[PDB]
Amino acid sequence: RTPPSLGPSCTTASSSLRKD
Amino acid sequence: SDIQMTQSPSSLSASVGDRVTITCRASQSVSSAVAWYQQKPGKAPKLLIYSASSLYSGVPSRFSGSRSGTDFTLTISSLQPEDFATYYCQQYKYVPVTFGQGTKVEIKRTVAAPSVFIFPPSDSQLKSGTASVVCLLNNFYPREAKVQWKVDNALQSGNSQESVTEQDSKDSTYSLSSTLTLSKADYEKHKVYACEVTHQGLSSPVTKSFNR
Amino acid sequence: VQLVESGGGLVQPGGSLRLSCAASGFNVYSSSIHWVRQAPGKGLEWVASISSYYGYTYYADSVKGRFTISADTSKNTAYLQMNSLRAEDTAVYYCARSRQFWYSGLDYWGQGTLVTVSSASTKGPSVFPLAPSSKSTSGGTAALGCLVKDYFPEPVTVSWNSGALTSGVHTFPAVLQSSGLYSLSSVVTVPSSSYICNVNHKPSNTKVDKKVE
Amino acid sequence: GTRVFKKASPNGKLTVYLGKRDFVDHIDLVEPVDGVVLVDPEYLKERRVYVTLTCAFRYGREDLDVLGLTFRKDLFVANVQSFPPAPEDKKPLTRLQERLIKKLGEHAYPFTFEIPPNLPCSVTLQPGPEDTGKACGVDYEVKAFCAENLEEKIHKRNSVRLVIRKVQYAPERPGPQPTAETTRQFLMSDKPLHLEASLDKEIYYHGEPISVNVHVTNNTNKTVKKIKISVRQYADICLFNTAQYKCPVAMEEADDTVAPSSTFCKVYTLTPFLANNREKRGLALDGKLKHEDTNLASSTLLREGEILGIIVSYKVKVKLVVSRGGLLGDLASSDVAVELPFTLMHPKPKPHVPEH
């Protein structure tokens, strides 16, 4: 069917990487 | 709480053409929202690098910086005469934007010794009720330089000010004015006031005195 | 392409003062303005910000109930009402653009406005010279000097021999004293032949040109 | 180019990394969204992990009084299978995905999601202070989940979703300078009223003054009492049924009259900005990730070719309010108006703000 939603999950975070 | 930004080289001295860097840590993840500013005193600040790596426009390419988690570094490859000032790290992730306490770059030179003078207090100054006598360290390559005010083999009791100035442009050397200020009634009872210097260039302590 | 700062000055504590920041060179709507407070012998401290585009203002916690920040986007300036001023609250105050969209650091600033707050009258400086002596000469040259004592508002510029000597002139930073007044030494080196120092206290209009011997 | 964005499922069984959050739609080439999902094998079950990319439409329903309620009806979805590599979808990962396996090993499987053109950009409608729920408009999201198969259930803990915004920017070269002339001669006097308007440039960045040069050539008996200047956001909304609207976002009513039979030339400058438009619940904003204060909606750039979604655009209107009476009384409108279209968007940043 067609779905509902509520208010604001998880926190979005950042990691690093290889400097290639 | 608030975010603490600390630049770990409180002071630094170096030479033209070095890869020198400044480091600055944040209290918690500032997520690479950090700027770096330069500022020669009196004149206004100028912006160098934003978001820790993006160099601002009109800014020389020898500048850059680096994020390693909480620790932010400012890199400068082959420095020039233009690049001599105090340097500031800002965060702007959280609303209370903060600044480092201030990394001042010195200039490395031959360790020139401070030519230490002294001055008996003015006749017009003693006409007010208090007296001041200026010891004038002059033109020295050790910024770290100390002055021990003494009067009759006994030191100062916090009754003395100090005032270092900026390093000159082409002369490249410092200067200092430590001023011992005491009342007229306290100036004429003690016998011999004297100024003793422990700069790096001169080895033995250098003392100069006056009794008029 | 410039910000200019006005309205700084000396106010009795508890009082208030209102600073203007005349912008130009950009669009107040796509920029957003800040006030950074920087003590003389201390670091940098942001106090207030205003996005006219989004309309919000933000304050540094230590000035919530006493500082107001505003913007008259018609005349393209912005104002900082500083009410109920304390002793911590004295510094030089800078204006500063940012991008009112995607904050990329405080790019353009203006030279500042001095804000002084203490419970001390405005005091004209006492000027005393530092006469050359036998312990003022070393290596051919000598050390003439001036001592500026007990003046309360914003420090002073000193020109030697009416602005003649531009080399070996050493005008120090000023010193704050226990009495709560400013004091400042400024000296010059000249050769042992034969120099009058001239200080003009702006926020008192007191003229002084002493002579060293 | 050394910072990635991760988001893990609450139970940690699914962590999703991404290179960027905003994925630029040059009308020709749409940047692709590429990333890996790191399956903690400790917390693994033998149920395929898929990753899906949804372009949808968050609306709050009008009859249902309940607050915070949003319905998401999707428009474009893509289902990339990345549970085994066993199917024949052998695809050359990017230099982003190459570095990420180097970081996390062959427990981070890649998805290479491709965004077509002729599909809308991420655009949020401004919520009233009434509304407290998710942001309504068009928004893209990628969610990664676990289930035995696609027609199966999806537990909220066995899933994690992150919302990305597809953006656009002001092109390199500008369009022509916009200019228009609309000219009504009236019934009683044959000599005409001729309205001329121009704008200093076709491309303004957000928060920039638009200056409108107006040239009036009145040759009528009629007296132009007022001049109305409106910068006015046009919004085309395509869904199961189509609904448009023209809202204003920065205007001024100037009481410059123009006499009968007089030339008039004056330039009027006006900036749009969201502050004076907060009340306009439902006005078109740019895309919001969660809740931030997005600016006024950027124009939506179109190619040569009922195009889907929500299409913002701008035109500055110039109405002249004309004296009535004399013959038809107050029965026939006499106004003369002119609309100058222009594109209002952002510059290409060669892009988040102090948050807390």
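Numbers in chain D track Swiss-Prot; the residues on display, in order, are 5-309, 313-357, 361-362, 365-368.
In case you wondered, yes, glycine gets a Cβ from its N, Cα and C as well.
Record features (Swiss-Prot):
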| type | residues | note |
| --- | --- | --- |
| BINDING | D:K250, D:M255, D:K324, D:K326 | 1D-myo-inositol hexakisphosphate binding site |
| MOD_RES | D:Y47 | phosphotyrosine |
| REGION | D:45-86 | region 'Interaction with CHRM2' |
From the centroid of the CB atoms of D:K250, D:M255, D:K324, D:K326, the recorded 1D-myo-inositol hexakisphosphate site, which same-chain residues not already listed sit within 8 A by their CB, in sequence order?
-> D:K232, D:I233, D:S234, D:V235, D:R236, D:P252, D:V323, D:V325, D:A344, D:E346
Among D:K250, D:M255, D:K324, D:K326, the record's 1D-myo-inositol hexakisphosphate-binding residues, the widest C-alpha separation in angstrom comes to 15
Work out, from DSSP, the number of helix, strand and coil residues along the region 'Interaction with CHRM2' (D:45-86).
-> 3 helix, 23 strand, 16 coil
Which number gives the other C-beta atoms within 10 angstroms of the C-beta of D:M255 (1D-myo-inositol hexakisphosphate binding site), all protein chains shown included?
-> 16
Could you give the Cα-Cα distance between D:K324 (1D-myo-inositol hexakisphosphate binding site) and the residue listed as 'phosphotyrosine', in whole Å?
-> 60
Among the binding-site residues D:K250, D:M255, D:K324, D:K326, say which ones reach under 8 Å of chain C by Cβ distance, listed as they appear in sequence.
-> none
Around the Cβ of D:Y47 (phosphotyrosine), the count of other Cβ atoms that are within 10 Å = 13
Taking only the Cα atoms, work out how far D:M255 (1D-myo-inositol hexakisphosphate binding site) lies from D:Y47 (phosphotyrosine), in Å, as a whole number.
-> 58
Interval of 3 unresolved-in-model residues, reported as the Cα distance (Å) from D:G309 through to D:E313 = 11
Pairwise CA distance, D:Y47 (phosphotyrosine) versus D:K326 (1D-myo-inositol hexakisphosphate binding site), rounded so that it is a whole Å | 66
Calculate how many Å lie between the CA atom of D:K357 and the CA atom of D:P361, with the 3 residues in between left unmodelled, and give a whole number.
-> 10
In this deposited model, 2 residues are left out between D:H362 and D:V365; how far apart are their Cα atoms, in Å?
-> 6
All chains considered, the count of other Cβ atoms within 10 Å of the Cβ of D:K250 (1D-myo-inositol hexakisphosphate binding site) is 13
Going along the chain, which residues six or more apart from D:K326 (1D-myo-inositol hexakisphosphate binding site) have their CB under 8 A from its CB?
-> D:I231, D:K232, D:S234, D:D342, D:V343, D:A344, D:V345
Row D:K324 (1D-myo-inositol hexakisphosphate binding site), column other C-beta within 10 angstroms, all chains, value 18
